[PDB]
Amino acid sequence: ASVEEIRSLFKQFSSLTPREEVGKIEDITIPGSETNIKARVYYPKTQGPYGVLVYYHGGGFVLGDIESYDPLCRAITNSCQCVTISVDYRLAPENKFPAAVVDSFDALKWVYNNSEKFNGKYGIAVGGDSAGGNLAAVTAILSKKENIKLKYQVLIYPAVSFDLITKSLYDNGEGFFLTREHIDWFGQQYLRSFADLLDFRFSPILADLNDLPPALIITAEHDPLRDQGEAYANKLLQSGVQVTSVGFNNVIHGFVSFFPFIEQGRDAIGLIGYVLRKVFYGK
């Protein structure tokens, strides 16, 4: 299958997954520094004011998009009772690193600076899964540098480092959906050169993690990325940031996308909904 064929397959497979009703949906265009960034705004069924979660889909920086991630963002919106804004950041290999990062940060900054459009008086969080978790994490680092004060970051099995050494990478690098071969190939599509392996915007574990927002970090037992997720939680904790780091057992990378039929995914979405309701609303 071509990259285009796989991008299409993601959208097709999404139509098998039920889309929860939400309050109201709007498609908007965010004026970025390098491009106009499509985003989809989901309102919950409750009355505002709201907190706002800026969400970055996963897909190895190459795949996925607002449509294929529409069922998951509806479910998150209903769970957190919060406005969710799903960002269509530029993809590789058409747009190399750091295009995804530039778009992700530009979208966050715009949302932070325009939160009243969404009645977003209870503050802004970031979240994402896999490569999207990488972008949420990097966006939070970049926000600190610009004095943008986020409430929370939700990192769902994030990619946080180039890795040739964790035990989970070797234990779980074949047979569990996301393989070594995929991880290598995505990296080749996304990065410009070996030097980018020194860049915190690709490997956020490299950054100084002091003063970042408090985090929920979800890892999966049978996931080659498990150990590096835990490492990111640990380095946050060592840096004085509050982190709830939870390993969901018996599940594989991606499991939250498969919530309709992997019940642990549904429960993960319930946990995400709880922490954001707590941080935004005191509930």
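All residue numbers are counted from 1 along the displayed sequence.
Of the two segments, 25-33 and 240-248, the one listed with the higher mean B-factor is 25-33 (C-alpha atoms only). On average the C-alpha atoms of 111-119 have higher B-factors than those of the other stretch, with 111-119 and 69-77 being the two compared. Residue-level inspection of the entry shows that, of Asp103, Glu174, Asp196, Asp129, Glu174 has the top Cα B-factor.
As recorded in the PDB entry, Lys45 shows the highest C-alpha B-factor of the residues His57, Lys235, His253, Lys45. In this PDB entry, the Cα temperature factor of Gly265 sits in the bottom third of its chain's modelled residues, the lowest group. Ranked by Cα temperature factor within the chain, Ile205 sits in the lowest third according to the deposited record.
Compared with the other modelled residues of the chain, the Cα B-factor recorded for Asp211 ranks in the highest third. In the PDB entry, a CA B factor belonging to the middle third of its chain's modelled residues is recorded for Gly64. Among the modelled residues of its chain, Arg90 has a C-alpha B-factor that falls in the lowest third according to the deposited record.
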